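> what's the 3D shape of this:
(chains A, B, C, D, E, F, G, H, I, J and K)
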Amino acid sequence: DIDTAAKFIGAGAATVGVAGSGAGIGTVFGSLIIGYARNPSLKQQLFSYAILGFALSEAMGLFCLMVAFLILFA
Amino acid sequence: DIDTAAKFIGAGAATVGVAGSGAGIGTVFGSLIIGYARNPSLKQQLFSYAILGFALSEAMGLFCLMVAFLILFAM
Amino acid sequence: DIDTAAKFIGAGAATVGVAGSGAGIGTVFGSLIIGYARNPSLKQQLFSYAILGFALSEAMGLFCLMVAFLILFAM
Amino acid sequence: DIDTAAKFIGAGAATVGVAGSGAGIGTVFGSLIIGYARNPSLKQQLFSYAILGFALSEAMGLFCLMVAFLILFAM
Amino acid sequence: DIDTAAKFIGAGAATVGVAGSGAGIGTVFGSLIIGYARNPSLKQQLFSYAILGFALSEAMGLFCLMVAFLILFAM
Amino acid sequence: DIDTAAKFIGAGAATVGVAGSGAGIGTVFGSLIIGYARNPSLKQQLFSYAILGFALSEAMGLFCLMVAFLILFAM
Amino acid sequence: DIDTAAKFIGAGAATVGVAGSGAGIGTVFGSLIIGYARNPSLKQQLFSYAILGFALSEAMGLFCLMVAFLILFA
Amino acid sequence: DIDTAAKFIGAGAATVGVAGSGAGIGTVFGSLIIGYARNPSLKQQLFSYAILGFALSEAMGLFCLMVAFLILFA
Amino acid sequence: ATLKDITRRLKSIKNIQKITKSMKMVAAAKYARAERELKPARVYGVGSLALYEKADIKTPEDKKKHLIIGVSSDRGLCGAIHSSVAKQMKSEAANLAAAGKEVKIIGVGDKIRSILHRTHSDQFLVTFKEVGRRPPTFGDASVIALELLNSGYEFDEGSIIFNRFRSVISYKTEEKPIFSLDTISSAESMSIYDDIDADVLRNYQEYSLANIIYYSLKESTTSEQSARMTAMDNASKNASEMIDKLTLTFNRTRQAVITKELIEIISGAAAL
Amino acid sequence: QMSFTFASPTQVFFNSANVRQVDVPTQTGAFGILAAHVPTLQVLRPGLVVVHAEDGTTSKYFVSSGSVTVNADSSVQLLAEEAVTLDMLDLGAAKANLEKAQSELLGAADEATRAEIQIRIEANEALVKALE
Amino acid sequence: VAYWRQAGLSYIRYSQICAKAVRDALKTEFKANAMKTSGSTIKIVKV
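Residues are numbered from 1 along each chain as shown, chains lettered A, B, ... in the order given. This is the structure:
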């Protein structure tokens, strides 16, 4: 089943896109740390924005994960 | 056959193009936090800029999604 | 034929080079927010530079999207 | 028996996604260092956010390695 | 021919090196915005340095495309 | 025997995961430089945080190297 | 030939290591712009440092490219 | 032999790991410029830290390069 | 002189002596207050000048639109103090024109405006009064700085002239310079100061201006009160001396009048 | 080490003192100062200065505004127009004033009036945060 | 740049308002003496 081997390699290649999400979450929470050390009064809204950014940048990696899964199972 | 096999491999390699979009959204929504922390009296305009940048990065990740789906279904 | 397989895999790989631009655009529009929050008055020149940088990064991401299309369709 | 030579390719490609976490941890801890140097008395909350960000990026790193281990040892 | 199938793979994987050039140009024109917002008096010299950096990043971008084509067309 | 080939390819493609650790160390030791330029009287603690972060980044760099070695022959 | 068709794969895979040099020159020149916008009265030392950093990033990129060429033509 | 083809493929695709060293050296030498512009009195310790950082990034760059050459000669 | 004439003179001069003594004691109390109120304000003001002495902030000879501030009260009995700064102003206020440089003038206190009017009425851009009737307060210096900034004369190099309170016995007319943002943002002595915009310096200057004006207000008030003490005491001594002299004259005239009355009485008695 | 000079027009808290750290709120962003901090010329904002003296001691003062000047030789000058130790402040009245300012912001006829009311709101918000 | 520099104020007005807030938020017994030593007795004569 060359198609099985191709599916395996396809999932392996398509799951590399989680690197973008990892780097994105790193940047978001580094920015949160700095922007909080610069203005602790705005802690609530800074955390709200950091959570929003995490949600989106993690979605952009969960998309790659779902693509890898459906390749492995379609 | 290797036709559909290579189709799967190529689609799975092209889909990686959203790594860039993920990193870009991370940077945009981090700079938003910093800029808001410096001057929270122009929050609305900052959020407008953040949405603009997020859209302009998600679009050129949608480009690699376009190529992935093209190779996946069409050729 | 492997040739069609080669076309598919090559286009898939070449559409991995759009990630760099996808992140460069986010960097540009994060710096835009930071600059605008740090000095909102010269906002119009901030757009001038932001649009220039967006154009110059998207251009050299499409420099590789075109190679992907070229490999996929022509040789 | 090609699969015995395709699981390896898939896993050695899936492991490539830990580079993103390697960059994210560096960014978060550099930002922790800067934020600390600026405002040394918030050490505790700064470190709390730093470890939160470290956890939330090594999450992605370990997801990549989990896919890698799924490919080889568990199909 | 296998080479008539491996040259496409080589090019579609070598062109992936313009991602770094895209990210570098993004960083250059983000730093230009920030530095200008800080010190608007030096607009001209700031732009000079920005365009210099832009040139020296798309230099590597074009080397990567050069290799991609050389593998694709010349040898 | 393509299981004396997929092993090598997977090892080479898993060692690429050290790029992220390189970038992470770069960012950590840039943040240390900036922070120490701000408060020179915190050097001994800024360096503590920098070493913690560098250890945490080479951790995943070595995760990638050990996956590569496990695949290569210790598989 | 399989070997002449794998030399191409090796070179076109070992050349994508120049993305690092691209990004690391972008960062050094962005930092030069920032650190000159802050302290313009220097310039002479900042450009010296920026050229040095560019030289090192260029060295890394050209090392990747020479590995590509020593895979192709050897 | 196909094992040699795989040698070229693997030991070329392992040289991409110098991209991380490129980016990291760029970051270190940009942070050095910014720090020196901010506090030019510390020119000697900012540099004693910059060289340490560059050596560390070359650590990973060389690890990747050495693994590549090891695969070429495994 | 006639007995009644010197009688009236004695009564009036005695009244002057008493009123001057009362006001001298009042001024002594107000000085006792000003010295305490100045112990901390001296620290505050001298701190607000630390930057411009740890940084070689030079004068950019090119810039010409100068500005002079002279501080003094509106009350007059103090005397010498005003005559000092006025003179000090004139001198400098002249030399600046001797280089083609323009010069505006702010007058804090009525007396400065009064003294300089005849020859500088064209240069006063704003003037302030009701100083000295109360102990100066930082709100006063903030108001003076607001009026110096709002009134769109963007001075390029200023000077404040006051009577620094040296000690109870004497003062000294000093003049502290004032720099505008241009002279600060373009000084190669300030490439070290970090994380400063060109707007941070704007706020910093718009604050240090009030700092220096308030410093001058406090110094001038203390020195003025001390000089008022001394002058009122001197006037009291003069009144005492002249009272002695005129009382001796009055005794002589009283004896003369008594003798005249006696001789007239005896002459009339003989002629009766 | 550091040499601190914290002053107000009325009184002087520290005068050429010697502390270990000073956390100050400034317009660009709150920061802490140690021995060899990089020189700066910030201008404060209504906030909470916190001084750690050479010992483990730590005292707090609410500063309405002013200017902090970190000099090259580790000489810190912190001038505030109205610096008050944190006890002398009435939290209930600060809350009431914050509510009044919040209500009045809506009737912002002239831009200058809006800015004045917003500055009052910001100062009272700083008071409320410090006192709670 | 702050919202009160777009509106066209100066740091003196800003700091006046901030100090007035910090002052009229004082405990009543302090406020009596705080109001003293915090007035503005000057009047401006317009040339």
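
> hey, where'd the helices end up in the stretch 151-272 of chain I?
Along the stretch 151-272 of chain I, counting by DSSP state H, counting those that start in this stretch, helices occupy I:181-185, I:200-271.

> the shortest one vs chain J: in contact?
Put plainly, it is helix I:181-185. No. In terms of Cβ under 8 Å from any Cβ of the partner chain, no part of helix I:181-185 sits within range of chain J; the closest distance is 9.0 Å. (C-beta placed from N, C-alpha, C; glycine too.)

> repeat that for the longest one.
Yes. Helix I:200-271 is in contact with chain J by Cβ under 8 Å from any Cβ, via I:200-201, I:203-204, I:207-208, I:211, I:214.

> where's residue I:33, which helix or strand?
Using DSSP states H and E, the element containing residue I:33 is helix I:3-47.

> and after that helix, which helix or strand comes next?
Per DSSP H and E, the first helix or strand lying C-terminal to helix I:3-47 is helix I:51-54.

> how far off centre is that next one?
27 Å (Cα atoms, centre = their mean, to the nearest Å).

> quick one: end-to-end length of stretch I:181-200, please.
Start-to-end span of stretch I:181-200 (Cα to Cα, to the nearest Å) is 10 Å.

> okay, now residue I:110: neighbour count?
Counted by other Cβ atoms under 10 Å in any protein chain shown, the residues lying close to residue I:110 total 21.

> can you name every helix or strand that the strand or helix carrying residue J:60 contacts?
Assigned by DSSP H and E, residue J:60 belongs to strand J:59-63. Contacts defined by 3 or more Cβ pairs under 8 Å, 6 or more residues apart in numbering or on different chains; DSSP states H and E place strand J:59-63 against strand J:47-53, strand J:75-80, strand J:83-85, helix J:111-131.

> show me what whatever helix or strand comes next after it is packed up against.
The helix or strand immediately downstream of strand J:59-63 is strand J:66-70, counting by DSSP H and E. In this structure, strand J:66-70 packs against helix I:200-271, strand J:75-80, with contacts taken as 3+ Cβ pairs under 8 Å, 6+ apart.

> for these, which one ends up most surrounded?
strand J:75-80 (a mean of 24; mean count of other Cβ atoms under 10 Å in any protein chain shown).

> are that one and chain F in contact anywhere?
No. Judged by Cβ under 8 Å from any Cβ, strand J:75-80 stays clear of chain F, getting no closer than 12.9 Å.

> can you list the residues that contact stretch J:122-132?
Under the contact criterion Cβ atoms under 8 Å, 6 or more residues apart in numbering or on different chains, stretch J:122-132 has outside partners A:41, J:25, J:45-48, J:62, J:64, J:86, J:89, J:91, J:94-95, J:97-98, J:101, K:17-18, K:21-22, K:25.

> contact partners for the spatially closest residue to residue I:16 that is not a sequence neighbour?
For residue I:16, ignoring the flanking residues on the chain, the nearest one in space by Cβ to Cβ, 6 or more residues apart in numbering or on different chains is residue I:239 at 5.4 Å. Neighbour list for residue I:239: I:13-14, I:16-17, I:20 [criterion: Cβ under 8 Å, 6+ apart].

> any quick PyMOL command for the buried ones out of those residues?
In PyMOL, this line selects whichever of those come out buried by 16 or more other Cβ atoms under 10 Å in any protein chain shown:
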select buried, chain I and resi 13+16+17+20
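
> return the member of the contacts of residue I:239 nearest to residue A:67.
If you rank the contacts of residue I:239 by distance to residue A:67 using Cβ to Cβ, residue I:20 comes first, at 100.1 Å.
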